[PDB]
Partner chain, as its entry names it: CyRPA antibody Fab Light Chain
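Only one chain comes next, encoded as structure tokens, the form solved without its partner chain.
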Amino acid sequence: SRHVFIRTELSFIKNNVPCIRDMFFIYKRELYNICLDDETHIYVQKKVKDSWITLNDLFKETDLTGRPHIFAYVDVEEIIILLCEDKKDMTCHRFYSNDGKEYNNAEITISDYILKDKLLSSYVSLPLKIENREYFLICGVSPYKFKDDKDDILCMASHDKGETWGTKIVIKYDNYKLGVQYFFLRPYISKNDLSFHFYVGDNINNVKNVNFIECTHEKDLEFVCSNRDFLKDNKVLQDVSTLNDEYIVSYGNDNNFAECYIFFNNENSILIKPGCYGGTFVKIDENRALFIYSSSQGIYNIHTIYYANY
């Protein structure tokens, strides 16, 4: 590591919509955000200048009840968002769009879906490339398992841009804990490698600790994932990403998240100090990334990071 370049720039973005949950993704060198607003609305927002602008509300297109699950898949030319209601068949609504502003409506359904027991949550991700096939993943985790049986994590995939979900991805997680709650399973597909970032409840300390597991390609459609250790004393793990083919991990000083730290390959460090709770990475390219949190209501501190190592 002869040459190491690190530089961060702080920017602020204001939003007129109070989002319960935030989902950020970049597309064609532009930052987007799927925002949930509770009449309940689901706005698609694009970042221009110093503020979020609302492009289109897609919840009004279906007229669901309550807050639905959101599965957004970003590709190089198209964006695909699925709104699934929170029976035996999964009822979703698949939206297609080559441009960011206008979306095509289409109601879909999955017969005898495998994720009836599993706890699923919202996330954005990109196609998972296996050989010459590209898959969209709807993943779930069983939120609790009293005694041992073993598909604790399983994803249903689609190689057709989300119209037929008949494909199944096996996730062999040998370290799934009995008698413990799992909360926020999201797949992290950097490059063409599958990874998972979820939460585990520690019943003796009463704390939700994040877990990160790397997956390898054992079989063509079956993966073997094991835990990756990012624990460091007196600091709570937050988010994980990859820059320069190296892990960049966000930490918090404590569970109050008064100040956030970012470590590059577990050696270099940057201290972020405004509450930075809810901060998440948005990878722009292989050497740039974003760090977005909301220190107060109606604003978003975005930290643009450049990391390099020759």
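Residues that one form lacks are left out of the comparison. Positions refer to the first chain, counted from 1. Basically, rigid core = biggest C-alpha set you can superpose within 1.5 Å across the two forms.
The form deposited with its partner chain bound is left out here; the points below concern that form.
Undergrad: How about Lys60 - does it come within 4.5 Å of its partner chain in the deposited complex, if we only consider non-hydrogen atoms?
TA: Yes, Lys60 sits close enough to its partner chain in the deposited complex that at least one of its heavy atoms falls within 4.5 Å.
Undergrad: Would you classify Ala106 as touching its partner chain in the deposited complex, given a 4.5 Å non-hydrogen atom cut-off?
TA: Residue-level check for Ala106: yes, a contact with its partner chain.
Undergrad: Report whether the minimum heavy atom distance between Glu39 and its partner chain in the deposited complex is within 4.5 Å.
TA: Although its partner chain is absent here, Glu39 would touch it in the deposited complex, with heavy atoms inside 4.5 Å.
Undergrad: With the cut-off set at 4.5 Å between non-hydrogen atoms, does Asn56 touch its partner chain in the deposited complex?
TA: Yes, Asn56 lies within 4.5 Å of its partner chain in the deposited complex.
Undergrad: Which single stretch, out of 227-235, 140-148, 165-173, 97-105, brings residue heavy atoms within 4.5 Å of its partner chain in the deposited complex?
TA: Result for this chain: 97-105.
Undergrad: Fitting the two forms on their core, which runs of three or more residues have every Cα moved by 2 Å or more between the shown form and the other one?
TA: In sequence order there is one run that relocates between the shown form and the other one, which is 2-4.
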